[PDB]
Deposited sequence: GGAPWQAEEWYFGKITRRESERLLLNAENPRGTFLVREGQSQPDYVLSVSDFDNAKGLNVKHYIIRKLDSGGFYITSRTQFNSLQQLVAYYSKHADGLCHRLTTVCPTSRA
């Protein structure tokens, strides 16, 4: 099955809809979704983040498309988007927290 059939891919949604869906109080740290860009073209990894000196917020990470490949920073490259999701769901590796649960619809 294609990576777009996956429950964490929300396709074309706004930055507000992303943040409203993720900022449910019933979601743990590390709730995330992959969406299409709105401002900019590349895909976006949208994660919920609890900062002790700020509160509960949403961070947005741009998933740039390698012309060769996907990455958020040029230091960690993945051959597929599912291989990017699977890695960060195990290691923060520069994220505020590791990805734990797929965001509910």
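Mapping the modelled residues onto the deposited sequence reveals missing stretches at 1-2, 71, 109-111.
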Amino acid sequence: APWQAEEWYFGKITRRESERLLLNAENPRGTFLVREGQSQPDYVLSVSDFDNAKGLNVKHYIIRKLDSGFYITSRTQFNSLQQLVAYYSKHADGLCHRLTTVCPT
From here on, numbers count along this sequence of modelled residues.
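When the two stretches 22-30 and 49-57 are set side by side, the higher mean Cα temperature factor goes to 22-30. Residue 75 sits in the highest third of its chain by CA B factor, as recorded in the PDB entry. When all modelled residues of the chain are sorted by CA temperature factor, residue 102 is found within the middle third.
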